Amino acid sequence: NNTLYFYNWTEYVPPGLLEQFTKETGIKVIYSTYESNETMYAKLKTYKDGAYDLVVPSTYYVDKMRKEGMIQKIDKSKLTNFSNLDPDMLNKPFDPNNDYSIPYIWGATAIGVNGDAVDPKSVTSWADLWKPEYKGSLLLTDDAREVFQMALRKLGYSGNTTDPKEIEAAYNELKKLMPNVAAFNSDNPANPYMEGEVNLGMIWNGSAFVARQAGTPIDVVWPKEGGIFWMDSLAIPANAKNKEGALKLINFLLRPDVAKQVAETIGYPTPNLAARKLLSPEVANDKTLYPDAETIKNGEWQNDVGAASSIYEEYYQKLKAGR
């Protein structure tokens, strides 16, 4: 109607996007960002000046906040641009008939490397990251689940365990890694690499792309044990003050030209097909951004772990603090 409140992660919407939206509709969206689901979640339980109308939970946080009654059903009929999303993303259990989420952006977390510092050939697995040769040199994504997933995998047990013994093992493994961990980053992963601070460590693919386009020889080596895969979906907070307005914005974002427009800039893969077709060849050919099913089947997707999410979060906090 008048204003709109869009809470979203850090590097997803570039300048000019929302302005575009406002020209067409005349609805001015006040933009707010975050670096973590957990941060978004908690802020949605306690703050106004966080964001209200449109938020972006990650996929494994959708059923949790739905059964928690934090998000309302979405009127798909209002989303005339829905047919543009490819169904390989729309038969997911966390939301069977896609009623509380719309696939927004997706991507992966691999290993990142400055090729002008480290020959990427040296790095083949998550396990390498633990080598002493990396004392005080890695950047780790500040995401409890990715961090844990990476040790879990390296162990053999993996990604979305529910068995706290296995998770506990992952924890103890991480303790061994911390000495090598020089920084944590869920804002712009790539930056610590550009500022020389780090050489290798974890990184979001959409990120290494903007650094690479920026000038920093940063390769995304897919780790031998997987490649952390994830999808962020839009959602309306149960008591947004402008639902009909969120629908316009969720729909604006489903227009393939918009999607396409943003994907080329941000790197992060789009779960919209029409757009993906018109993807400039250069960006599409990119195997780090659009990995082949050869790799993604050896990769794992980040899913809901249930009441076991308490355990992950708690050990991660311990992991950061003790250190």
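We number the residues from 1 along the sequence you see.
Taking the mean C-alpha B-factor of each stretch as recorded, 62 to 70 and 41 to 49 are not equal, and the higher mean is that of 41 to 49. For the pair 107 to 115 and 76 to 84, the mean Cα B-factor is higher in 76 to 84. Within the selection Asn98, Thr141, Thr161, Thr216, the deposited Cα B-factor values reach their highest point at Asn98. Residue-level inspection of the entry shows that, of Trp126, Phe94, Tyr171, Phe229, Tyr171 has the top Cα B-factor. When the modelled residues of the chain are ordered by C-alpha B-factor, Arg145 sits in the lowest third.
Among all modelled residues in this chain, the alpha-carbon of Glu313 has a temperature factor (C-alpha) in the middle third. For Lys297, the recorded CA B-factor ranks within the highest third of the chain. Only modelled residues enter the ranking. Among all modelled residues in this chain, the alpha-carbon of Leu234 has a temperature factor (C-alpha) in the lowest third.
In the PDB entry, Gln261 places in the middle third of its chain by CA B-factor.
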